[PDB]
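Presented below is the structure to which this report refers.
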Amino acid sequence: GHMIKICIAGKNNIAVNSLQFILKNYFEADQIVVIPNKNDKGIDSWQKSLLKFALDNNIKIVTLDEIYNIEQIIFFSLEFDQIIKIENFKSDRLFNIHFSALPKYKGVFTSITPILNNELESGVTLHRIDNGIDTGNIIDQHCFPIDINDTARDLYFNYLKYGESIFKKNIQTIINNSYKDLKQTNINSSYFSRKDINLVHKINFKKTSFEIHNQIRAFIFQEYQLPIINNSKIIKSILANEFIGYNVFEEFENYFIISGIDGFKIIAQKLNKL
Amino acid sequence: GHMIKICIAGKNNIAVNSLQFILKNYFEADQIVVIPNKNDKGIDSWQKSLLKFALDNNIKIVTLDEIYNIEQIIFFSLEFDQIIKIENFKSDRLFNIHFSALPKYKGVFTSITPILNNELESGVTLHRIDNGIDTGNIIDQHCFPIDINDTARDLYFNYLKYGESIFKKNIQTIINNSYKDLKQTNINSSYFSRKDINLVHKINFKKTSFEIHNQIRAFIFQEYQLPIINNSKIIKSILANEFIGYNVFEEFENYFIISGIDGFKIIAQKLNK
Ligand SMILES: Nc1nc(=O)c2c([nH]1)NC[C@@H](CNc1ccc(C(=O)N[C@@H](CCC(=O)O)C(=O)O)cc1)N2C=O
Ligand SMILES: Nc1nc(=O)c2c([nH]1)NC[C@@H](CNc1ccc(C(=O)N[C@@H](CCC(=O)O)C(=O)O)cc1)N2C=O
Ligand SMILES: Cc1cn([C@H]2C[C@H](O)[C@@H](COP(=O)(O)OP(=O)(O)O)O2)c(=O)[nH]c1=O
Ligand SMILES: Cc1cn([C@H]2C[C@H](O)[C@@H](COP(=O)(O)OP(=O)(O)O)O2)c(=O)[nH]c1=O
Ligand SMILES: [Cl-]
Ligand SMILES: [Cl-]
Ligand SMILES: [Cl-]
Ligand SMILES: [Cl-]
Ligand SMILES: [Cl-]
Ligand SMILES: [Cl-]
Ligand SMILES: [Cl-]
């Protein structure tokens, strides 16, 4: 019977827009609490700030320890950074939106790992939180394409959009506790940790054009880093069906022309191109 | 035309059985020549020797240099070990059966690479040889499952069986030169070289059970090697859907019980040897 009905924990446009949605449609400000990620400085930047939205709309900021004992609270992680232990919570209403098509690509850097592993599609998945990393039972999933020249950043913005949508699609059944779920399968399950990914990726050119292009574009996310080829930052990679011969590599003022062991043209655009 | 009509280059039961098939159904011995792989000494083992079958059936052994100038020769690579350059040959009738579902898994160790990269299926592909590594246009393909507990060796034996079948399915149209082919796509194309694969694999246990299982069984091919956990060789991995808790690892006299970050039970059976 507590005042507080729901907690939004996490960051970025998905957390802010989902919070705004529930404030507009389901709960009053005094029924909601927020746990921003540790790094949230309260500044709207290339993403909206959850801390800023809470402060601007009179939504209380809390810690996990403040909400553990709240009976029946709905806890939603939307890019939240702390692993929870479910036995801390009195409530069993604990949910996450994970930026992959589970069971594939559990873990981190999920705007990098599907592209680096040659996928043509990804997804967002709403699931129950259990004590493992993105291992809980799936409630809903939406799969969508990774277009051939999408960068990690382009994929991330698609996760924000489709994740916000799957939140809205499912929130009423979460609130009325009538949702259905299904155990994740063992097969196809994959996982990457921060140690598995070197963000300063050294490209293996003894690979197909599709693999070289994926090795480039998986690391294009300018707020964090850009790939460097021959001491030049790369902002875009374009893969064509044109055969140009095997193992081409040529540097120009504004781009590189590259092909791998199957000979298909890649244009890797330098950041300095006007 | 020249006496010689066809060259079978390569090894193992796919080469021997495809050569037997064409000797029975199409060609006389004098019309066929063979190029065995470098290490074939004419002794059958866990696969038949191509060199031995040729000698036993009065088929001549040749080098590539001896066939370049033979007009209209059919050249067929069946696990052959040398990259050819097509402009050496007068003939454009140059074909390979590659042990993967192209365009995926160009290159080598293709009983290892699909498993290691978490595939549920593989295939055999008949294609024209061009100057790149498994890059030429596809003539036919047969895909098939990698069962959940199959090892690299099990996969290899399936390539030999399905590869022999796709050879028999297509040989008449190759002989008649009526076959059809299609360029490979750029998307999905992948490639592994010998440098990419360390055959003494160190397992990463901070992975899912399906990934740990695949890391083990991708290297089980006893005639070459077996993967080693705590100085025991593993002969079989078994992945179940039973949840046993996250990140289990326990060693027993005859097996290990392992789970990864998602908690599904693996039994890694030690070689009884
Ligand atoms: N129990 C739980 N399950 C989840 O699926 C989940 C939560 N909590 N809390 C919110 C969010 C947190 N997700 C994560 C994912 C990875 C790390 C992390 O620190 N990974 C380390 C390895 C940690 C380890 O090995 O124990 C790394 O280096 O990658 C932290 C939080 N989340 C779902 O999104
Ligand atoms: N031109 C050509 N294309 C082919 O697709 C083909 C042939 N020849 N000849 C028969 C067979 C030979 N396949 C191969 C495949 C890889 C290596 C090899 O030596 N790979 C080295 C890398 C070589 C390099 O980078 O140039 C390695 O270390 O992996 C040799 C023969 N074959 C299709 O089967
Ligand atoms: C932290 C970081 C993220 N990214 C990108 C790729 C990630 O999928 C995306 C979101 O990362 P983020 O959610 O901040 O990290 P995590 O995956 O550890 O929870 O930002 C980088 O490219 N480089 C980085 O250094
Ligand atoms: C040479 C080698 C092969 N193999 C297995 C996996 C290979 O897919 C299969 C056949 O290899 P093989 O055709 O001899 O070598 P390549 O791929 O270089 O042409 O045998 C091993 O497991 N270990 C080895 O050392
Ligand atoms: Cl906290
Ligand atoms: Cl669950
Ligand atoms: Cl699933
Ligand atoms: Cl040659
Ligand atoms: Cl030469
Ligand atoms: Cl071709
Ligand atoms: Cl194709």
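What follows draws every value from the coordinates through simple rules; no lab data is involved. So basically every Cβ, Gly included, is an ideal-geometry build from the backbone, and we count neighbours across all protein chains shown.
The table below lists the values:
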quantity	calculated
Count of residues meeting criterion [under 14 Å from B:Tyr105 (Cα atoms) and either within 13 Å of ligand 11 (Cβ to nearest atom) or within 17 Å of the chain's Cα centre (by Cα) (or both)] in the stretch B:128-137	4
So B:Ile267, is it over 29 Å from A:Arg194 (Cβ atoms) and within 14 Å of chain A (Cβ to nearest Cβ)	yes
Conditions (1) away from ligand 4 (no atom under 12 Å from the Cβ); (2) more than 14 Å from every other protein chain (Cβ to nearest Cβ): number failed by B:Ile86	(2)
Subset of the stretch A:90-132 [on the phi > 0 side of the Ramachandran plot and out of contact with any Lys or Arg (no Cβ under 9 Å at 6 or more places or on another chain)]	A:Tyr105
Flag for A:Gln184 being of a type in the set (S, T, N, Q) and out of contact with any strand residue (DSSP E or B) (no Cβ under 9 Å at 6 or more places or on another chain)	no
Restricting the stretch B:101-129 to residues that are out of contact with any strand residue (DSSP E or B) (no Cβ under 8 Å at 6 or more places or on another chain) and not hydrophobic (A, V, I, L, M, F, W, C), the residue that is farthest from the other protein chains (Cβ to nearest Cβ)	B:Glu119
Filtered residues of the stretch A:105-122 (kept if surrounded by 21 or more Cβ atoms within 10 Å (Cβ to Cβ), over 19 Å from A:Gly10 (Cα atoms) and of a type outside the set (A, V, I, L, M, F, W, C))	A:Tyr105, A:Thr113, A:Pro114, A:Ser122
Meets criteria (within 16 Å of ligand 4 (Cβ to nearest atom) and either over 30 Å from A:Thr135 (Cβ atoms) or outside any loop (DSSP other than H, G, I, E, B) (or both)) for B:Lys169	no
Residue in the stretch B:222-257 that is farthest from B:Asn198 (Cα to Cα), counting only those that are touching a helix residue (DSSP H, G or I) at 6+ places or on another chain (Cβ under 6 Å) and within 14 Å of chain A (Cβ to nearest Cβ)	B:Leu239
Among (1) within 11 Å of chain B (Cβ to nearest Cβ); (2) closer than 26 Å to B:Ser209 by Cβ, the one test that A:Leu182 misses	(1)
Flag for B:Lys48 being away from ligand 11 (no atom under 16 Å from the Cβ), more than 14 Å from chain A (Cβ to nearest Cβ) and either charged (D, E, K, R) or without any contact (Cβ under 8 Å) to a residue 12 or more places away in the chain (or both)	yes
Residue within the stretch B:232-246 that is of a type in the set (S, T, N, Q) and out of contact with any strand residue (DSSP E or B) (no Cβ under 9 Å at 6 or more places or on another chain) present	no
Of residues in the stretch A:12-68 being of a type in the set (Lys, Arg) and closer than 17 Å to A:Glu164 by Cβ, the one farthest from the chain's Cα centre (by Cα)	A:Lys24
Top-ranked residue of the stretch B:142-156 - restricted to ones that are more than 12 Å from every other protein chain (Cβ to nearest Cβ) and part of a strand (DSSP E or B), ranked as nearest to ligand 8 (Cβ to nearest atom)	B:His142
Single condition B:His201 does not satisfy, out of (1) under 30 Å from B:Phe89 (Cβ atoms); (2) free of Cβ contacts under 8 Å to residues at least 40 places away in the same chain	(1)
Of all residues in the stretch B:175-211 being closer than 30 Å to B:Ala240 by Cβ and within 18 Å of the chain's Cα centre (by Cα), the one that is farthest from ligand 6 (Cβ to nearest atom)	B:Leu199
Test: residue in the stretch B:170-177 that is within 13 Å of another protein chain (Cβ to nearest Cβ) and either within 16 Å of ligand 7 (Cβ to nearest atom) or on the phi < 0 side of the Ramachandran plot (or both)	no
Enumeration of residues in the stretch B:24-35 that are in contact with a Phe, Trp or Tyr (Cβ under 9 Å, 6 or more places away or on another chain) and in a helix (DSSP H, G or I)	none
Near pairs, Cβ below 8 angstrom, 6+ apart or cross-chain, from the stretch B:132-153 (among the basic types (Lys, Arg)) to any residue that is surrounded by 17 or more Cβ atoms within 10 Å (Cβ to Cβ)	B:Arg153/B:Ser111; B:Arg153/B:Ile220; B:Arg153/B:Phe221
Members of the stretch B:152-206 found to be among the small types (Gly, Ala, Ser) and either more than 16 Å from ligand 2 (Cβ to nearest atom) or buried (at least 16 other Cβ atoms within 10 Å of the Cβ) (or both), listed by number	B:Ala152, B:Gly163, B:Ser165, B:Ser178, B:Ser189, B:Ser190
Residue within the stretch B:156-174 that is of a type in the set (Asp, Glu), away from ligand 10 (no atom under 16 Å from the Cβ) and more than 16 Å from the chain's Cα centre (by Cα) present	no
Helices (runs of 4 or more DSSP H) completely within the stretch A:36-141 that count 1 or more residues being among the small types (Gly, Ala, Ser) and away from ligand 2 (no atom under 16 Å from the Cβ)	A:50-56
The stretch A:66-83 - residue that is away from chain B (no Cβ under 14 Å) and surrounded by fewer than 18 Cβ atoms within 10 Å (Cβ to Cβ) and, of those, nearest to A:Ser49 (Cα to Cα)	A:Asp81
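Residue-by-condition table, conditions (1) among the acidic types (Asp, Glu); (2) in contact with a strand residue (DSSP E or B) (Cβ under 8 Å, 6 or more places away or on another chain):
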{"residue": "B:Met3", "(1), (2)": "no, no"}
{"residue": "B:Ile6", "(1), (2)": "no, yes"}
{"residue": "B:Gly10", "(1), (2)": "no, yes"}
{"residue": "B:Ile32", "(1), (2)": "no, yes"}
{"residue": "B:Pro36", "(1), (2)": "no, yes"}
{"residue": "B:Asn39", "(1), (2)": "no, no"}
{"residue": "B:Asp44", "(1), (2)": "yes, no"}
{"residue": "B:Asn57", "(1), (2)": "no, no"}
{"residue": "B:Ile61", "(1), (2)": "no, yes"}
